[PDB]
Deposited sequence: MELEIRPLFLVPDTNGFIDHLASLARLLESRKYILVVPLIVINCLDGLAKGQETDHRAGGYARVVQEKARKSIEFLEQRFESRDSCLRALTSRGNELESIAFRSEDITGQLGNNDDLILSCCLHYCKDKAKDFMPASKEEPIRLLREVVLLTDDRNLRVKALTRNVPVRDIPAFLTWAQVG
């Protein structure tokens, strides 16, 4: 089947935040899109922020801190275009106080499940191209593959931001 793609929900991965926070911020500011952050991503960010250190590690840790700060601020403000999704498929409107991992922890699975949550297919819709309103934002080539073979659209963040105007 062929896809008809109309971006609405955007699902980023951890490195999206580390590498591209400012762009994500811009995307959220646009108000055109719903940014849906897998809860595991936030957890991952929490872990990097905390730490368990070399230069690169320290650099990432700060980037991770900045990302959390961003998220917390936006959620606290009740930003209508920002959501978090649990592993179980629950949308969250607050992240105020998170359950932390015992220790620092590979999340394609869950990221993909997030994306797929917003693929709302019904027998009706086929009695035809496949409507898709979700896009995975990633630089990971393997993750990209997995998404594509699952009929989940993908862009890198730079590419997406550019497209978005």
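Novice: Can you list the gaps, numbered from 1 on the deposited sequence, where no C-alpha is modelled?
Specialist: Those parts of the chain that were deposited but carry no coordinates are 53-57, 111-112, 135-141, 180-181.
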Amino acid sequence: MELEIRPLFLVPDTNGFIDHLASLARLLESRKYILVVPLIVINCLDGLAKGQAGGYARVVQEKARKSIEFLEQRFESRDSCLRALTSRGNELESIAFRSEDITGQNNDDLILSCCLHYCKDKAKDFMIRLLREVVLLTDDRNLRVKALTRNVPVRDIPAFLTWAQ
From here on, numbers count along this sequence of modelled residues.
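Novice: Compare the mean C-alpha B-factor of 22-30 with that of 114-122 as given in the PDB entry, and name the stretch with the higher value.
Specialist: Between 114-122 and 22-30, it is 114-122 that shows the higher mean C-alpha B-factor.
Novice: Can you tell me which of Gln61, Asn43, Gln52, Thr138 has the maximum CA B-factor listed in the PDB entry?
Specialist: Max CA B-factor in the entry, restricted to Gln61, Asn43, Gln52, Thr138: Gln52.
Novice: What's the residue among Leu130, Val36, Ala57, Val134 with the greatest CA temperature factor in the PDB record?
Specialist: Going by the entry's C-alpha B-factors, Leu130 comes out highest.
Novice: Please place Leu71 in the lowest, middle or highest third of its chain by C-alpha B factor as given in the entry.
Specialist: Bottom third by C-alpha B-factor.
Novice: Ranking every modelled residue in this chain by its Cα temperature factor as given in the entry, which third contains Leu92?
Specialist: It belongs to the highest third of the chain when residues are ordered by C-alpha B-factor.
Novice: Is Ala164 in the lowest, middle or highest third of its chain when residues are ranked by C-alpha B-factor?
Specialist: Answer is highest: the recorded C-alpha B-factor places it there.
Novice: Sort the modelled residues of this chain by their C-alpha B factor and say whether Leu8 lands in the lowest, middle or highest third.
Specialist: It belongs to the lowest third of the chain when residues are ordered by C-alpha B-factor.
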